[PDB]
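# Report on the structure
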Amino acid sequence: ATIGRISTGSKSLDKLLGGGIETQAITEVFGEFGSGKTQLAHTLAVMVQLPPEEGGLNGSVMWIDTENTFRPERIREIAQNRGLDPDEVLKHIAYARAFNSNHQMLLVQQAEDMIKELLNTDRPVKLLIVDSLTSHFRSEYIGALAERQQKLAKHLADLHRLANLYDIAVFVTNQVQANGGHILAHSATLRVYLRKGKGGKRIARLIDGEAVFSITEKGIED
Ligand SMILES: Oc1cc2ccccc2cc1O
C-alpha cells in the first residue's frame, strides 16, 4: 500500500510531519503530564474520518486506553467543529480499557480481529491509538527494568506488525518527566516531543524546526 497521512488538525504540525502522521508507522508522542498528548490523540481520532481532500483517510479507529482518559464528549466537540456528525464519528471508534500491561498486550491481538473484519469495507481501520502505552509497564515493573524492556519490545513489535501488515497509523503516547525516560528508545518510527509554551501554546519537535499550535474546540489548530 502507499503511505497514507492523517492530518493532525494543525497546519504547523502537519508541515513538521510532512503532511500528517503516516500509516505503516508508529508515531510516538512524549512529554510531561499535561503537555497535550491525549488532546492530539482525540483530534486524530476525528481527523482520520475525514476524506483525503480534508486530510483524513475515511478510516475507522481503535483506541486502547490505559488511564481512563478517553472522553466521548471531547470527540463530539471536535467532530462538531470539524464538520462531521458526532454520532457517526463515535460509532467508528472501537474503544477498550486495558486493565494491566498483560491485558493491554492481549487487546492488540484482539484488535487484529476487528482490523481484518473491516479491511475490505469502506471504513477500514486506519488509526490505532495506545494512550498511554507505557503507564502499566512502568508501574508493574518497578525495580525490574530488564523484564520491562522485554515485554515492551514484544508489545511494540506487535504494533509494528499491525501498522505494516494492515496499512494503519499507530499513534502512541508516553509520559516522560523529571528524571524519567528511556522514551521508547529507537522503537517508534517517529518520535515527537511535545511541551507547553508561554500562553498555553503547545510546541512539537521531532527527536532523531518546531511546530506550534493551540488546543481548541477543533481539537488542535494553529
Ligand atoms: O470491540 C473491541 C474494541 C477494541 C478496542 C481496542 C482494541 C481492541 C478491541 C477489541 C474489540 O473487540
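Residues numbered from 1 in each chain as written, not as in the entry; some residues may be left out. Heavy atoms only, no water.

By the method listed in its record, X-ray crystallography, this PDB entry was determined to a resolution of 1.3500 Å.

Bringing the layout of surface pockets into the picture now. Where empty space is left in the structure can be found by rolling a water-sized probe over the atoms. Of the pockets and cavities examined, the largest pocket occupies roughly 290 Å³. Considering the residues around the largest pocket, the lining is formed by 16 residues, among which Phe33, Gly34, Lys37, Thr38 and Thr69 are closest to the centre. Put simply, the parts of the chain that give the lining of the largest pocket at least two residues each are α2 (37–47) and β7 (169–175). Looking at the lining of the largest pocket, its residues break down into 2 nonpolar, 10 polar and 4 charged. Within this model, the second largest pocket holds a volume of roughly 180 Å³. Forming the walls of the second largest pocket are 13 residues, and the residues nearest its centre are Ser7, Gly9, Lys11, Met47 and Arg82. Partitioning the lining of the second largest pocket into residue classes produces 2 nonpolar, 3 polar and 8 charged. (1 Å grid on protein atoms, 1.4 Å probe; cavity = no way out; pocket = protein on both sides within 12 Å on 5 of 7 lines; lining within 4 Å. Points joined across faces, edges and corners; volume = space filled by probe spheres on them. Helix = DSSP H or I, 4+ residues; strand = E, 2+ residues; numbered from the N terminus. Nonpolar A, V, L, I, M, F, W, Y, C, P; charged D, E, K, R; others polar.)

Further remarks concern the packing of aromatic side chains. Enumeration according to the criterion identifies 3 aromatic pairs in this entry. Considering the side-chain rings of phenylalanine 30 and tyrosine 193, the 5.5 Å spacing of their centres and the 20° angle between planes classify their relative orientation as stacked. Placement of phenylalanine 30 in strand β3 (residues 25–31) and of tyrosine 193 in strand β8 (residues 190–196) is noted, with a sequence separation of 163 residues between them. Note on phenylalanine 70 and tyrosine 95: the rings are 4.6 Å apart at their centroids and 25° apart in plane angle, and the pair reads as stacked. Placement of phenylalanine 70 in the loop between β4 (60–65) and α3 (72–80) and of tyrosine 95 in strand β5 (residues 93–97) is noted, with a sequence separation of 25 residues between them. On the basis of relative accessibility, which here comes to 8%, the residue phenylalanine 70 falls in the buried class. By way of ring pairs, the aromatic residues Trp63, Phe70 and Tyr95 are connected into one cluster. (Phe/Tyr/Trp six-rings, centres within 6.5 Å; stacked < 30°, edge-to-face > 60°. Buried < 20%, exposed > 50% of the residue type's maximum accessible area, 1.4 Å probe, protein only.)

Let's shift gears to the site of the ligand. The environment of the ligand is made up of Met62, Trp63, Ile64, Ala94, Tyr95, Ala96, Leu107 and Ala111. In the complex, the protein chains occlude 72% of the 300 Å² of accessible area that the ligand would expose alone. Counting only elements with at least two residues in the shell around the ligand, the list comes to β4, β5 and α5 (101–118). (Near = heavy atom within 4 Å. Areas by Shrake-Rupley, 256 points an atom, 1.4 Å probe, with all protein chains shown as cover.)

The next subject is the pairing of strand β10 (residues 211–216). As defined by bridge partners, strand β9 (residues 202–207) adjoins β10 across 3 bridges and the pair is classed as antiparallel. Bridge pairing in β10 places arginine 202 opposite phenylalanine 213. Note that β10 and strand β11 (residues 219–221) share 3 bridges and pair antiparallel. The partner of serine 214 across the bridge, within β11, is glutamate 221. Between β10 and the antiparallel strand that follows it, β11, lie 2 residues. (Pairing = 2+ DSSP bridges.)

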